[PDB]
């Protein structure tokens, strides 16, 4: 199967040590898109933020924010698949008796709730969260309180359906456990040199580079650029 679409984790794979966007990665993406590849970006940040990457970086596929819970379309519209009414309420309550706190970007969230929390309160909040049908994990700039099933697997399955692709026509690039939901799918997989052992274990290609420089080598390996 020839790769037709690549779903990339923004924070895990397109940035450097200082979290700045990698320019070589941007050039690799543009070069590959010029050759027919469709690219989709996925992030835990808010939709206007990933929207900004779409228009400035030049992403030709849809982009997702809030870990797959909200997407910006090819027709310029925004669609969310989960609501933040419950996660927002959970935060309001927990913040009354824990260090769990709201973050600035929550003002632009629509399908989940981001937060900061003292490491000591993580175990307790996670148990309360799961008893409520939510899950929590960290990615990018913060922790994210999400609805169960609101993840990257959801987003990649959505892309597959939107583009009528076979799983093997899809390549996913990630780096850690919060990317496992999409790596456990029957898609093609690639990761950076600093990816977790479990992600490397199931990847079709493990790059010799990281911090954005794995994109160019990955695409060259799959003959996409």
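Positions refer to the first chain, counted from 1.
- Just going by the entry, 48-56 versus 27-35 on mean CA temperature factor gives the higher value to 27-35.
- Look at the C-alpha B-factors of 116-124 and of 101-109. On average they run higher in 116-124.
- In the deposited coordinates, the residue among 90, 137, 154, 72 with the greatest CA B-factor is 90.
- In the deposited entry, the Cα temperature factor of residue 6 sits in the bottom third of values across the chain's modelled residues.
- In this PDB entry, residue 165 carries a Cα temperature factor that places it within the highest third of its chain's modelled residues.
- The deposited CA B-factor of residue 80 belongs to the highest third of values across its chain.
- In the PDB entry, residue 178 places in the highest third of its chain by CA B-factor.
- The deposited CA B-factor of residue 132 belongs to the highest third of values across its chain.
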